[PDB]
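Novice: Protein chains in written order, with the UniProt record's numbering: chain A, 100 to 148; chain B, 51 to 99; chain C, 2 to 50; chain D, 149 to 198.
1) Three or more beta-carbon pairs under 8 Å between the segment 30-39 of chain C and the segment 9-19 of chain C, yes or no?
2) What would DSSP say about residue 106 of chain A, mapped onto helix, strand or coil?
3) Which word fits residue 15 of chain C, buried or exposed, when buried means at least 16 other C-beta atoms lie within 10 angstroms of its C-beta?
4) Is there contact here, the segment 155-166 of chain D with the segment 66-86 of chain B, by at least three beta-carbon pairs under 8 Å?
5) Taking 9 Å as the cut-off, decide whether the C-beta atoms of residue 109 of chain A and residue 98 of chain B are in contact.
6) Please identify the residue among C:40, C:2, C:18, C:48 whose C-alpha is closest to the C-alpha of residue 150 of chain D.
7) Which same chain residues end up closer than 7 Å to residue 90 of chain B when comparing Cβ atoms and leaving out the 5 residues on each side of it in sequence?
8) Assign residue 66 of chain B to one of three DSSP states: helix, strand, or coil.
9) Could you tell me the alpha carbon to alpha carbon distance between residue 74 of chain B and residue 3 of chain C, rounded to whole angstroms?
10) So residue 47 of chain C and residue 135 of chain A are in contact, right, with Cβ under 8 Å, and what is the actual spacing, rounded?
11) Starting from the C-beta of residue 105 of chain A, find all residues in its chain whose C-beta is less than 6 Å away, skip the five residues before and the five after it, and write them out in chain order.
12) Taking the beta strand (DSSP E) that residue 93 of chain B belongs to, which residues open and close that run?
Given below as structure tokens:
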């Protein structure tokens with residue numbers, strides 16, 4: 100499982116904010132989210148379905 | 051020219067012009083006549099890389 | 002009683018723009034000092050796993 | 149452009165055409181220079197008036 104971000108440099112030229120740390124954090128939260136949802140689905144269905 | 055600017059997307063410059071210099075006949079009003087000053091800018095947008 | 006020759010700081014003016022509806026019009030929308038980040042999403046891991 | 153200049157009628161530009169002379173019969177490499185000289189004088193003056 101993964102998360103990926105590509106950014107045209109020409110936009111980082113004219114930006115007027117950071118977006119680095121924010122991007123990183125969002126990737127991490129995406130990871131954790133995927134894990135939790137996957138698990139819950141698995142127990143719920145796979146145990147009793 | 052060549053005047054340089056960082057940060058944002060596009061650039062623009064303000065301009066203005068002339069004046070009207072009139073005598074003030076003593077014992078009269080300074081608020082009597084003002085045609086003020088015209089105000090407009092010209093805009094320039096960069097092209098990608 | 003309004004005062005004409007109001008000097009019209011911001012305005013289009015120019016020549017052939019006609020219009021001249023209201024004011025600003027010409028000006029710069031500027032915020033460079035802060036960002037709006039999306040929401041932190043909590044999780045159930047590890048804990049009860 | 150068309151009909152659009154800057155700062156009301158306050159200022160304005162122009163492009164000076166050659167006065168009563170043709171491009172076809174030209175490229176004689178002599179009359180050309182003279183024509184361009186006088187026309188350029190007219191251009192300079194037209195600038196000064198602005």
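Think of the CB as a built atom: it goes at the ideal place given N, C-alpha and C, for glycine as much as any other residue.
Specialist: Working from what's here:
1) no
2) coil
3) buried
4) yes
5) yes
6) C:18
7) 65
8) strand
9) 23 Å
10) About 10 Å; that fails the 8 Å criterion.
11) none
12) 89-94
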